[PDB]
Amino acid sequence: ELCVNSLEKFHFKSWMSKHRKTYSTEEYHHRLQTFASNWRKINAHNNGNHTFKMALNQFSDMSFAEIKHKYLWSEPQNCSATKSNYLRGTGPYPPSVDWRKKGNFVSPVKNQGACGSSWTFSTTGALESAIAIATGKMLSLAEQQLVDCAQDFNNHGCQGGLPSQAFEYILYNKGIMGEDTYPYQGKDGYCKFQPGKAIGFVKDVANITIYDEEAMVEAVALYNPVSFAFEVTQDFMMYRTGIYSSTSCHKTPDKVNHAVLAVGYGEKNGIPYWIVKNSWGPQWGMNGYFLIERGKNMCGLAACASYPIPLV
């Protein structure tokens, strides 16, 4: 039990108003305790020496158990694979890449809501980018179609799934509709796929060999953004800026629980990093993005990377 000071109390009242919360007296006391515990963790972290900072955001009054249940995948996915098809060529590669800078090649940051559907945003993001790079047209593709319709490829809607499996679904389904015709609901619904309204199509799926992080570097440098999955832990939820790293996340395929999109890479103060688009809205992290340490299979990010070749 924490003794909450007036500074924390006043800021929680502001946070509740900003995030449109209503709590009973009883739940309020519990939510305040969680908020104050996270407040102290953020300050303890930022007051020390680390490569990234933490901050308040929409997750600040949630326990990590609640966050896992609502926002992350509910069970291990079939990330481990003994077969792959991507074969890396030869470096060196450019010292830095950022597909947001090369042109209009990365779609805006979206919000998955309280649904474990990050695999769908990783998938649409990678395919949106691949189509924009190939044809110069930026589309917004329907994550909801993947949530509702991709179960024959071992995906599980709001309980989880994998980008490579979702790319295969789009290939054999003969395409994916736009957000405009198939809006995102943040919950599992009936499949409403209409063949004549598909606007995005997959020709091939590239699966990067397990732990082949240097192939991810080549793919981002030469071809396009790359979907990947990693293990989110408690302190990642509170990431604000800088280069994320952790000594407590696992690095194995059976522990990854969130999928995202690598859109570039770089280095700061001798620390290599990935530039990564998330799906928790544009005010999480660095305008919806984060940096994560590169070259260490950090949090298992090289366990099951993949990207699509579009049919255009």
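Residue numbers run from 1 along the displayed sequence.
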Stretch with the greater mean C-alpha B-factor as recorded in the entry, comparing 281-289 against 64-72
64-72
Higher of the two mean Cα B-factors (192-200, 143-151; per PDB record) comes from 192-200
So among 104, 124, 118, 111, who wins on Cα B-factor in the entry?
104
Residue with maximal Cα B-factor (values as given in the PDB entry) among 227, 185, 80, 85:
80
Relative C-alpha B-factor of residue 240, binned into the chain's lowest, middle or highest third
lowest
Determine, from the deposited record, the chain-internal third of the Cα B-factor for residue 257: lowest, middle or highest.
lowest
Going by the entry, which third of its chain does the Cα temperature factor of residue 296 land in?
middle
Sort the modelled residues of this chain by their C-alpha B factor and say whether residue 303 lands in the lowest, middle or highest third.
middle
Among the modelled residues of its chain, the C-alpha B-factor of residue 232 falls in the third labelled lowest
